[PDB]
Structure formats: structure tokens, C-alpha cells
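Written out below as C-alpha cells is the structure these notes cover.
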Amino acid sequence: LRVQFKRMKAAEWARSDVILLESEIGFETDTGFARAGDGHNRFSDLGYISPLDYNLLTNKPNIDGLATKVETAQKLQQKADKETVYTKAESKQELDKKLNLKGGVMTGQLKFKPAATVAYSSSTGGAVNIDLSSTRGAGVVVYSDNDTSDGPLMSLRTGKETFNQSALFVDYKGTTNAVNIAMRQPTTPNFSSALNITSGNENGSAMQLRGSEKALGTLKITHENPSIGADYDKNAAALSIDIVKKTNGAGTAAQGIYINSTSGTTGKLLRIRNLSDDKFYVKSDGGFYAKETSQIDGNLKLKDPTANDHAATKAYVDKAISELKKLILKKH
Amino acid sequence: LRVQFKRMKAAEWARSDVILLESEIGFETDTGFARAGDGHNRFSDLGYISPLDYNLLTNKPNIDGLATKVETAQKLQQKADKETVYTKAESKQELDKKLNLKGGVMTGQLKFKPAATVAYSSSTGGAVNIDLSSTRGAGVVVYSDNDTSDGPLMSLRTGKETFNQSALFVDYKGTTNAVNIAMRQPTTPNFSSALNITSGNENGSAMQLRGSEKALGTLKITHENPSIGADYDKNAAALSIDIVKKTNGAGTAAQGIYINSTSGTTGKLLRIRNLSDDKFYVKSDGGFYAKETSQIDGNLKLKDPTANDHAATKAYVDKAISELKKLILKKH
Amino acid sequence: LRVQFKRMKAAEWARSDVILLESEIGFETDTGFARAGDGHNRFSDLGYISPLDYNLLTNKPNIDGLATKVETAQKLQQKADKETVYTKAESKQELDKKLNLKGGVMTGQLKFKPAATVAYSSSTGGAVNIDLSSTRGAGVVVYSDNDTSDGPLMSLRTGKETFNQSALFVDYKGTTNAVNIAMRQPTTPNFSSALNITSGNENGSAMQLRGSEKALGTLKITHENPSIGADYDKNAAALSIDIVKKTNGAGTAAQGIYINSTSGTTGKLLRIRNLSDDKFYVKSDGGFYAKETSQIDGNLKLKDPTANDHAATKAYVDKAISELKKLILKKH
Ligand SMILES: O=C1O[C@H]([C@@H](O)CO)C(O)=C1O
Ligand SMILES: O=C1O[C@H]([C@@H](O)CO)C(O)=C1O
Ligand SMILES: O=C1O[C@H]([C@@H](O)CO)C(O)=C1O
Ligand SMILES: O=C1O[C@H]([C@@H](O)CO)C(O)=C1O
Ligand SMILES: O=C1O[C@H]([C@@H](O)CO)C(O)=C1O
Ligand SMILES: O=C1O[C@H]([C@@H](O)CO)C(O)=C1O
Ligand SMILES: O=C1O[C@H]([C@@H](O)CO)C(O)=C1O
Ligand SMILES: O=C1O[C@H]([C@@H](O)CO)C(O)=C1O
Ligand SMILES: O=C1O[C@H]([C@@H](O)CO)C(O)=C1O
């Protein structure tokens, strides 16, 4: 028996008063689908003759192992965005412009403008502190081999007249010179000095100098003749003094050299030697001595003779004479 | 023919001894599903009258293009986590606190504590090396316009008596002064000096000074009168010396000024002029000269006369007399 | 009626000339599937007796909420890769090696090699600028408590003879000494000085010094005896001069001390005192005075007497005599 089932197009079914008997098959001609009547329900309400429940499907895809927008969105949210952040490269890029503690080269300038915790007294302060007590090198090497410059190598300046610290303080202990300035015979000489001092302060010596030499001078000066011409330097001196007036001045009465022992001293106050042998000096009591014949354009006020090698005085002479003339005058 | 098929609830089927003939339809009344008998298999083992194989489904979703947890987990694992890493901002945030080689402003302090490779002799060492041979600016500018300070602008100090380098070494070549200290007439003057030196070392001159001037003094001093009062500075001197004792001392015998030519010299050893004209001097042989009448509170030991303008000596006089008295005595 | 349907294996169906009548069921015996004839289409072209359209499935999975490779790939592309970027740690790791503006410790060296915008005149230049006008601390503290060192604490050097700036310039205003060097009595003394100057320049005083003291010397020297032995320092001097020759020299003619008032001065040019009381001096007109008896190994050229306390001259004496002898000669 070739059995054929009630049938019409889906849309036609979709509007049939036709109640399929229970378990009677009806057929959707334009789709080929079928449905079994429940004895009591319009065709468009019967379900299919076979399941359509995803659960019952063979060859299910693993949907479970697939990532979900949300899951993937949170997992992304923990991770940093390309620009919010610097490539290892831009990091170096910037880093290499910064000086390191271990050392570097400043092509630019290093201004310092200190806040001053305590300003740290005595050698654990100063904007630059340099402790070399465990190192064999220099503290601050500053040099130039330029031909001309517009400024000096180191300059110190204080602008307020109340300022009360030194510009340079040198507290030195060691076996060589505390401070050494050496100028080298130029090919080109100059008219300036190695150390030049200028003080406007009428209330304080431009340079003050104290020492406690056993066998040496507090200030020692040596003039080397710059040439081999013994007669070359006829005009150099070991020490030159000029007492002078204020530009636009009446004059000056300031003294030349002024020596003194406030404390008192047995030494020669002025001792002058040549070829390491005394030639003139002033004894501490103010007597003077000279190896060689002298001259006074002028007169010598002095005490009458007593010794034979004492100079005569008009008085002594006259009196010697006055005596002879008179004593002679057995011519009574 | 309205055909209806064997039928009972699924659960009822699920336990029927009823073997459906091959290709005979049976019907699950509570689900509407059907199944075809294979002539030999309990109903609950027949499959459906139509496929449920995901593969055969129309409107398949692209499951293939969906990301998978694993895939998405590895791809995430290559990407960096928000905090493990610094925002471009925190990067600057930190970076801007670091001094750069091109220059910056140190609001804080810069201690140096050197390790010392070699400690680098002669001008490619020192913790601070400053080469300005190609620049027209200063080396180290240090100034203050504060009114008071607790420390100096630069200080150098060495604490060990064996220390064997200078505190400041100045090797200078150029056309101006190697070192220049200038003090400016204060509104407020002080009692200190421009350059003050103090040495405790009894074995070395506090300041030693050598030069080879052709036509100039090794040490040159000029005293300017600070006022226009010619009689103002009655008490200044070009150079003042005080020879003095140790606080708590017997005395001192240390000399005042001590001059010498160890090598020997034809020059005036002491030459004193006024208005650029000789007034007193000591000849290199130790003869002295004076333009103006002099005085000795005291006596003058000297050699008998020879010239007419030589001073007389008690002896010479007496003998001249002794002669006349005697020669007169044609009074036989 | 047990109805059974046309049937053969799928593969057998798959090649049947058998046209199923419309809505007549045929059965795939090896699969259990069925199909309804459309009256006109070979069996292998009929579809199933029930849908296989993913859309119509109950228990649909949310495919919509699943992430897609592309979506997930772009969202990943915005996020940075682990190594392209530095962990907050490596960031510090590097950062901590860089000196900060607020302060740090340079274990290494800081060379400076300046480019020079303008080289900045007068106190807003120098590779190191240090302004302490608002701080109470030091400018540049450099010290060492090492025993020996190979270099100094600060050194300045200029290599070109045309160089035209100072090495150290000190423009000072304040109430204490501009520059202070102090050496402390060593346990170990040395033979060097506190300040040593050496100039090769025959065209410029090694040290030049100017000041305008009202009541003080431009250069003040004090020699303290280092011991309490009054007779200890028999050989120290306040100032020692040596005029000397060029190593390999004929001699020198350079003078010892050279004093002058170019401007002219009423002061004593040379005044020597002991226990703060004049003992010898040279009057500005070049007359000299001495408190104590003197001596000249030699002769004294001088002007005839006028006063009684003037020294006699051979001439004066002789003439006094020549007169008496002659005047006596009432012996006619
Ligand atoms: O007497 C001198 O002292 C210095 C130097 O030797 C001292 O460290 C020098 O060059 C002289 O001629
Ligand atoms: O005076 C100079 O210094 C160097 C060299 O002589 C250093 O001793 C040089 O070339 C000069 O002209
Ligand atoms: O002998 C010298 O003459 C000049 C100067 O005194 C001219 O007044 C000078 O510097 C000398 O050493
Ligand atoms: O003679 C002097 O030398 C200095 C300065 O001119 C030198 O560079 C100065 O101020 C003087 O009065
Ligand atoms: O002595 C001073 O320095 C400046 C100015 O005079 C600089 O020449 C100033 O105001 C002072 O009181
Ligand atoms: O003429 C002076 O008197 C004092 C001092 O010598 C007092 O002993 C001094 O410094 C002068 O220059
Ligand atoms: O007269 C002196 O000057 C210095 C110091 O007191 C000046 O700031 C010092 O130590 C002396 O003995
Ligand atoms: O000369 C020295 O300096 C210190 C201490 O005396 C400082 O006043 C020390 O231990 C020395 O040997
Ligand atoms: O009295 C002294 O003798 C030596 C020296 O003049 C030897 O020529 C010296 O330095 C002194 O102060």
C-alpha cells in the first residue's frame, strides 16, 4: 500500500481548521516537513516529527571552550594599551639623556639653587660635597686649552657687604704647599701677575699674613734674573713699594715700610746681606752698621766723642781748640 | 485512509517489549516524535525519523571564526599587565626628577664619593672634570647675594698631616692675572683682609713667592690713600711687620726684614725713593747714602778721615791737636 | 494496519530510479531516516521529513556573546607586548642609577664639555653655576682625609699663552676675609708653604697687591715664635729676600727692597720700631735717625758742621787748626 498523507502548502496548513487525529501524519508539500496530530491542536501548533533540540545533536561543536566577549574583555582590561606606555626603546631613548651616579658627560649647564635643611656646617654640606678620603684623584679639575675665553675657570662672588663667610676657605694639613700658583715663562709675556690683590677697604690690610718659622721668613721672596745677563735686570727688585694718592687727592702721608716688635725682640730688626754676609743692619736697639764707607749729603747730629774711633763734633773740636789757644798763653 | 501509528508516552515506550517491524512508525504521544522500527531493536534504541547531526544543519553559525579560551589565553600572555608597567605618565613623572646631561637645576645636594680606577693623573681625572677648551664661558661660578651665610662659597680641607697634594693647584698660562682677588670699598668696612694666611708650621714660610722680573719687583705693593686728605692716612704703611712671642713666651729673637743675595748682586740692596728720586739707599757693598741731614742719638764708630769731607774722629782731632801743642813749642 | 514504507539502504536509495509519489514515505534502512516524495524528484534530492535549520533549534547556544578571532585580534593589537616594554621593576632598576635634581651620590666621574650658547657673561654662566643667595650653606666643599693622594683637591689650568681670563677670580664683598688659607701646626712639619707662588714671566710681578688702608699696612706680616724659647728663632725673619741668578748665569743686578712714592708722601719711608717705640727710621726727605750708637766700618762723606752737635769733617778740623797755628804767631 503506497500511503500518502493529508497535505497542503505550509501557509495553507498554517490556516487550516483541520485537526489531525492523534498520531496522524500531515505533510507540508512546499517544505517536505511533517507533523503528527495530537487529536486536538491546529496544525501550526504541532511540533515536528523529529527533535530540534541543540542538546540531542550529534557532532556538537565545543562551544564550551570558546572565549566570550565578557571573559575576553576583562582579561584584556588587565593588560596595558600600546600608547599609555613606553616601548623599551623610548624608555632608553629618554634614559640615555639622564646623567648617572656612576658618571657621565654634561654637555649642558648645572645650575644649583639650594633649599638648605640646615645648610650643614663644617664639611658634610655645600651644594657640592666632594669627599676624596678614599680616592687617589683630584677633587675639582677645571682647565681650558682655548685661546681666549670670556670668563675664568672658577669665580667666586658675594654681593652683600654684610656677607660674613669667606669666598675661599683653605684649612690645610699635609706635607706640600697648601695653595700653589705657578706661572710659566710665556713665549708671549703679560703685564699681569700670578696673584693680584686689590682692596678698597680702608679698615683692613689687603693681605694679612702670619707664621711661626723657626729658621725662615714668614714671607719669603726670591728674585731670579730672567736672563743670563748679570747686568740684565738692573731694575727689578725683590719687593717694590709705592705709596700713592687717591685719584684726585691732596697727597698721602702713609708710611713706606713699617716694622715693629710689639712684643719686643733681640733680633736684628733690619738685616741686609750680600753673598750671605752682613753689609748693613739695624741692631734691635736701633744702632746701625755698615761694611763700607758711607755718605750723607747733609749734616750729622750726634753725641760728643768718648772713644778714639768716635766721630768728632763741632763742639768737641772747638773745645779741644778753645783749650789749646787758652792753655798756650804762657805768653801771660 | 487516515493512518495512525502505534503510540504511547515516551516513558511508556521507553519500557515496551514492543519491537517495531522494519520501517514501521511508532509515535511518542507526549513529545510528538517518531521512530522507525528496524525489525529487531527495542524502541528506546531506534534513533529518530530524521537527522540530528550538527554537520547537516542549514544556517550553520561560523563557529570556526570564534576565538577559543586557549588561543585567547596565549595571545593575552604576550601582552603586559597594567601595573607590572608604568604609564607613559608615571614614566615622565619619574623622569623629570632626574638631571639630564644637557643641563638642569639641582635643588638638592651632590655628594661625591669616588671609587678611583687610576684616580687619573694630570687633567683627565678629578671627580669633577671640566674642560672648557672649546667654550667661552666660566668653569665653576659660585656666588651668593645672601646677607649672611653659615659657610663659605668654596672650602678645601685636608685632615691628615701626611697628606701630600695641594688643596689648590694653579698652573696658569695666559695674558691676564693667574689669580685675582678683588675687594671693593665697603659701605660697612671690615677688619679682615682680602687674602689672609696663617701658618703654624715652624718649618716652612707661611707664604713663599718667586719671580723673574726684568724691570719689576717680585712682590709689588701700592698703598692708595682712601681719602683725599693728604694728611689722612698718617698711619698706614705699604708693609707692616710685627715680630712677636708665643702666647705664654719668654720672647723672640726672630729678625724683622732679612735681605740677601745668596748668589750676589750689583743692585742697591735697599733703595728708598720719594717722588721717583733716590733719598736713602744701601749700596750692594753696604755703603749707605742719605739726601738730608741725619741724626744719631748716640755715637759713631768710624775709620779715621782721609778726604776733606770725611768726618773727623776723636783720634784724628786729638792727634791734630797733640801735634800743634807740641810743634808750637818753639818756646824750646 | 501495521504500515511499512518503501525501503533500501541509503546508498541504494542514492541510486534508485524510484520516484516517490507526493507525500509518500520512503525509508533509509541503514540510517533510520525518512523522506517524503514530491511526486517528481529522485530520492537523493528530497530533503528530510523534519527541519535541520539551526534557527529553529531549541536550546540554542549563545553564539552571539562569543568573541571572534578578529574582534579579539584588534582588541589585542591595542595592548602592549611583554618585552616591547619594561616592568615597573626594570624601570626602577634603571631609574635608581640616575642622579636626581634633588640630590644624590656620584660614585663616578662628571666630565663637562660645554657647547656655549653665549658662554653667559658675569654670574649666570659657567658649566657649574651655584647660587647660594637664599641658602646658608657652602658652595663647593671639597676635602679629603686620605693620607696620600695623587692629585690636589682643586686644580685650575690653562694651556695657551694667549689665554685671557684668570684661573680664579674673586670679587668679594662681606665682613670677613675674602680668601683665607690656614695651615695648622703639624705633628710632622713640612718644608713647603701655605701659599707658594712661582712666576716665570719677566714682564709682570709674580704677586701684585694694592690696598687703601687708613691706619694699617697694605701687606701685614706677623712672625710668632713657634716655641717659648725667647732665643729659639734667632734666624726667622718677618720677610726674607734673596736676590739670585739664572741657573747658569753671569749674575744679577736686580735690587733688594725698592720703596717709592711716585705720588710723593710726608710719611716715614722706612720706619723701624721695637716695643712700639721708634729706633731707626728714614724721614720722607731721606734723613735717617737712630736711637743707639752706630758704626761704619769705613768713612763718612758729609757736609761741614754748623751746629755744635754736628760731626766734624777733616776740613773743618784742619781749618780750625790751620787758623790757630797761624793766629798764634804773635811770634811775629
Ligand atoms: O721654592 C720653590 O717652591 C716651589 C715648589 O718646589 C714647592 O712645592 C718652587 O717651584 C720653587 O722654586
Ligand atoms: O707655554 C706653553 O705650555 C706648553 C708646554 O710648553 C708646557 O710645558 C706650550 O706648548 C706652550 O706654549
Ligand atoms: O726700579 C724700579 O722702577 C720702577 C718704579 O719704581 C718707577 O717708580 C719699578 O717698578 C722698579 O722696580
Ligand atoms: O694694578 C692693578 O692690577 C689690577 C687689574 O688691573 C689687573 O688685571 C688692578 O685692579 C689694579 O689696580
Ligand atoms: O658694594 C656694593 O656692591 C653693589 C654695587 O655697588 C656693585 O658695584 C652694592 O649695591 C653694594 O652695596
Ligand atoms: O703705624 C702703624 O701702627 C700700627 C702698629 O704698628 C701698632 O704697633 C700699624 O698697624 C701701623 O701701620
Ligand atoms: O689675625 C688673624 O686673622 C686670622 C683670622 O682671625 C681672621 O678671620 C687669624 O687666624 C689671625 O691670627
Ligand atoms: O693636625 C691634626 O688635625 C687633627 C686635629 O688636631 C684637628 O684640630 C688631627 O688629628 C691631627 O693630627
Ligand atoms: O736668617 C736666615 O738665613 C736664611 C738665609 O738667608 C740663608 O741665606 C734664612 O732663610 C733666614 O731667614
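Letters A, B, ... mark the chains of the C-alpha cells in the order given; residue numbers begin at 1 per chain; ligand numbers begin at 1, in order shown.
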
Test item: residues no farther than 8 Å from ligand 1, counting only C-alpha atoms and all ligand atoms, as a PDB file with N, CA, C and O atoms, in the first residue's frame:
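Heads up, here's the output in out_9.pdb:
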ATOM      1  N   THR A 176     103.076  69.143  51.540  1.00  0.00           N
ATOM      2  CA  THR A 176     103.367  70.061  50.467  1.00  0.00           C
ATOM      3  C   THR A 176     102.575  71.347  50.723  1.00  0.00           C
ATOM      4  O   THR A 176     101.857  71.447  51.736  1.00  0.00           O
ATOM      5  N   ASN A 177     102.747  72.331  49.822  1.00  0.00           N
ATOM      6  CA  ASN A 177     102.117  73.679  49.863  1.00  0.00           C
ATOM      7  C   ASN A 177     100.623  73.584  49.901  1.00  0.00           C
ATOM      8  O   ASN A 177     100.054  72.742  49.192  1.00  0.00           O
ATOM      9  N   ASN A 180      99.175  76.441  45.732  1.00  0.00           N
ATOM     10  CA  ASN A 180     100.262  76.688  44.785  1.00  0.00           C
ATOM     11  C   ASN A 180      99.796  77.247  43.454  1.00  0.00           C
ATOM     12  O   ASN A 180      98.972  76.630  42.747  1.00  0.00           O
ATOM     13  N   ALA A 182     101.408  78.541  40.004  1.00  0.00           N
ATOM     14  CA  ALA A 182     102.615  78.672  39.247  1.00  0.00           C
ATOM     15  C   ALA A 182     102.374  79.235  37.869  1.00  0.00           C
ATOM     16  O   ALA A 182     101.563  78.712  37.142  1.00  0.00           O
TER      17      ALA A 182
ATOM     18  N   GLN B 208     105.533  81.689  50.412  1.00  0.00           N
ATOM     19  CA  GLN B 208     106.781  81.788  49.641  1.00  0.00           C
ATOM     20  C   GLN B 208     106.448  82.257  48.227  1.00  0.00           C
ATOM     21  O   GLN B 208     105.413  81.884  47.670  1.00  0.00           O
ATOM     22  N   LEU B 209     107.341  83.064  47.671  1.00  0.00           N
ATOM     23  CA  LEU B 209     106.992  83.770  46.437  1.00  0.00           C
ATOM     24  C   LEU B 209     108.227  83.956  45.555  1.00  0.00           C
ATOM     25  O   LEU B 209     109.195  84.577  46.016  1.00  0.00           O
ATOM     26  N   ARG B 210     108.245  83.403  44.335  1.00  0.00           N
ATOM     27  CA  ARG B 210     109.439  83.591  43.451  1.00  0.00           C
ATOM     28  C   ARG B 210     109.051  84.093  42.068  1.00  0.00           C
ATOM     29  O   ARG B 210     108.088  83.612  41.474  1.00  0.00           O
TER      30      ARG B 210
ATOM     31  N   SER C 192     107.266  73.060  52.808  1.00  0.00           N
ATOM     32  CA  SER C 192     106.508  73.857  51.895  1.00  0.00           C
ATOM     33  C   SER C 192     105.727  74.937  52.640  1.00  0.00           C
ATOM     34  O   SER C 192     105.728  75.012  53.865  1.00  0.00           O
ATOM     35  N   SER C 193     105.025  75.746  51.871  1.00  0.00           N
ATOM     36  CA  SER C 193     104.367  76.919  52.375  1.00  0.00           C
ATOM     37  C   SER C 193     102.862  76.840  52.287  1.00  0.00           C
ATOM     38  O   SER C 193     102.286  75.860  51.766  1.00  0.00           O
ATOM     39  N   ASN C 196     102.246  79.172  47.921  1.00  0.00           N
ATOM     40  CA  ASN C 196     103.512  79.274  47.162  1.00  0.00           C
ATOM     41  C   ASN C 196     103.200  79.854  45.785  1.00  0.00           C
ATOM     42  O   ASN C 196     102.312  79.367  45.089  1.00  0.00           O
ATOM     43  N   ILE C 197     103.944  80.878  45.404  1.00  0.00           N
ATOM     44  CA  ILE C 197     103.794  81.474  44.063  1.00  0.00           C
ATOM     45  C   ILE C 197     105.080  81.396  43.240  1.00  0.00           C
ATOM     46  O   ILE C 197     106.205  81.681  43.726  1.00  0.00           O
ATOM     47  N   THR C 198     104.939  80.981  41.989  1.00  0.00           N
ATOM     48  CA  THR C 198     106.131  80.934  41.128  1.00  0.00           C
ATOM     49  C   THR C 198     105.833  81.484  39.765  1.00  0.00           C
ATOM     50  O   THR C 198     104.961  80.966  39.086  1.00  0.00           O
TER      51      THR C 198
END

Need to verify the contact set: residue 165 in chain A, 7 Å, only C-alpha atoms, exclusion of same-chain residues closer than 5 positions in sequence. Can you return it as a list in words? residues 149, 150, 151 and 152 of chain B; 176 of chain C

Find the residues near residue 45 in chain A: any atom within 12 Å, counting only C-alpha atoms, skip ones fewer than 5 places away on the same chain, and give them as a PyMOL selection string. (chain A and resi 13-16+18-20+35-40) or (chain B and resi 32)

Using C-alpha atoms, can you write the selected residues to a file as a PDB file, in the first residue's frame?
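Final file, result.pdb:
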ATOM      1  CA  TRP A  13      -1.740  24.391   6.595  1.00  0.00           C
ATOM      2  CA  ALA A  14      -0.860  27.433   8.695  1.00  0.00           C
ATOM      3  CA  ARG A  15      -4.532  28.381   8.366  1.00  0.00           C
ATOM      4  CA  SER A  16      -6.442  25.003   8.244  1.00  0.00           C
ATOM      5  CA  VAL A  18      -8.027  20.717  10.090  1.00  0.00           C
ATOM      6  CA  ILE A  19      -7.374  18.877  13.266  1.00  0.00           C
ATOM      7  CA  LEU A  20      -5.086  15.963  12.710  1.00  0.00           C
ATOM      8  CA  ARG A  35       3.839  16.698  11.797  1.00  0.00           C
ATOM      9  CA  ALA A  36       1.727  14.342  13.842  1.00  0.00           C
ATOM     10  CA  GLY A  37      -1.694  15.403  15.019  1.00  0.00           C
ATOM     11  CA  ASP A  38      -2.326  15.300  18.787  1.00  0.00           C
ATOM     12  CA  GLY A  39      -6.083  14.746  18.075  1.00  0.00           C
ATOM     13  CA  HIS A  40      -6.768  18.272  19.209  1.00  0.00           C
TER      14      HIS A  40
ATOM     15  CA  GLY B  32       5.217  14.248  19.094  1.00  0.00           C
TER      16      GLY B  32
END

Please give me, as a list in words, the residues lying within 7 Å of ligand 2 when counting only C-alpha atoms and all ligand atoms.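 Based on only C-alpha atoms and all ligand atoms, ligand 2 is surrounded within 7 Å by residues 184, 185, 186 and 187 of chain A; 173 of chain B; 159, 160 and 161 of chain C.
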
Can you pull out the residues contacting residue 91 in chain A? Cut-off 9 Å, using only C-alpha atoms, and skip same-chain residues under 3 positions away; I want them as JSON, numbers by chain. {"A": [86, 87, 88, 94, 95, 96], "B": [91], "C": [85, 86, 91]}
